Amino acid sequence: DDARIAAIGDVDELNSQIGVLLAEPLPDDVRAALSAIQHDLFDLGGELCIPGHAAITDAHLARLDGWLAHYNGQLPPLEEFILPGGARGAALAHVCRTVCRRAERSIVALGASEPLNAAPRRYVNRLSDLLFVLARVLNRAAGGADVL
């Protein structure tokens, strides 16, 4: 039906939102991670599209896990629920976060109607969490703080 084409489109939309975030000033490390993720998302979309073709591996998941641990250990503990916003960069990261979750919903729907490896949903599951973390990093880097 529409499941595959919809999932591909949402991943594309997410990747485009990340492109907008990349047009902003960013810490060099954050920029490097986001740029690499764009390539990952391009490959992810290809896996969703072509039958019998896989591209996302444990290595991709491991790298995301590594970035999560890294950036989180670079931030103070969460003291309260956060509202999406702050420096423009942080706000955009939150938009990316929500679009990534939207793509995850579509990927989950796709896997329910067609055989699909688990890597794609596990990738965006981690990515959503990382974008949340990166938003906090960007507020920090802007000399500001998260919106509570």
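Counting begins at 1, following the sequence as shown.
- For the pair 13-21 and 133-141, the mean Cα B-factor is higher in 133-141.
- Per-stretch averaging of Cα B factors for 26-34 and 91-99 places 26-34 on top.
- Take 48, 109, 55, 41 and read off each C-alpha B-factor from the entry; 55 has the highest.
- Among the modelled residues of its chain, residue 3 has a C-alpha B-factor that falls in the middle third, as given in the PDB entry.
- Sorting the modelled residues of the chain by their CA temperature factor places residue 70 in the highest third.
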